[PDB]
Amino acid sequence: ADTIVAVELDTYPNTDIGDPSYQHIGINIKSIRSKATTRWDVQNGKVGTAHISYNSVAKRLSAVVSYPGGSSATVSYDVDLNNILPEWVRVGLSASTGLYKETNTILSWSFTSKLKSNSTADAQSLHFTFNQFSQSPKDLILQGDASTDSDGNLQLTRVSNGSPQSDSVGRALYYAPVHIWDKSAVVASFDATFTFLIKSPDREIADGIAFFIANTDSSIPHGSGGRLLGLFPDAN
């Protein structure tokens, strides 16, 4: 199957697959059953920001999600990613809805990865930023229901005339493979930021957004809708 590392912004508690009984941010290593979670209160209709970082010396994957006005939730997990991920990966954003629904709108996304050696100059590095998305982006792979709208936003799941739809799944991956580690590298690091808008006319919302790193040929698994966030074929 795919090899997935993800940070989920999980807006609906599914306690049979080990979610806590509240909305949460989580770090997922090869499974939907998060290795670490923290309570996170979703603000329906407000723009939030997530920042994710990792460095191979520290071996600590951390994420923080915040809204304007002081509310922030952080989660970290110690793991050596060189022994989880393959050498070449693609990075992406995924989201889903199920019975309950929400917009999963991405307003901006930046990512940096560096492979360092014996110099201030990196052996290899990549940095991209999108603060607006093109109508027909040649540098993104859009999967499932993902599309860009006339406002320049990335809509990971279906929205019709301003209302989000049930049972939708979509992902966007950056087109270039990322060289996330190398046997000569002394340090490898990456940092990602994205801003998002989760909104729904309903009080009950689902299912969430995830930032993920996968094998380069990753596609949406069959049966990964709803609680599996378009990332996993099952809940093991």
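Counting begins at 1, following the sequence as shown.
In this entry, the higher average B-factor at the C-alpha atoms falls on 227-235, of the pair 4-12 and 227-235. The PDB entry records a higher mean C-alpha B factor for 79-87 than for its counterpart among 79-87 and 105-113. Taking the deposited Cα B-factors for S184, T37, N55, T193, the highest one is held by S184.
In this entry, the residue among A172, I198, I180, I29 with the greatest C-alpha B factor is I180. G92: CA B factor in the lowest third of modelled residues in this chain (values from the PDB entry). Per the PDB record, residue ranking by Cα B-factor puts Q43 in the highest third of the chain. Looking at the C-alpha B-factors along this chain, the one for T148 belongs to the highest third.
Ranked by C-alpha B-factor against the other modelled residues of its chain, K59 falls in the middle third. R33: CA B factor lies in the middle third for its chain, per the PDB record.
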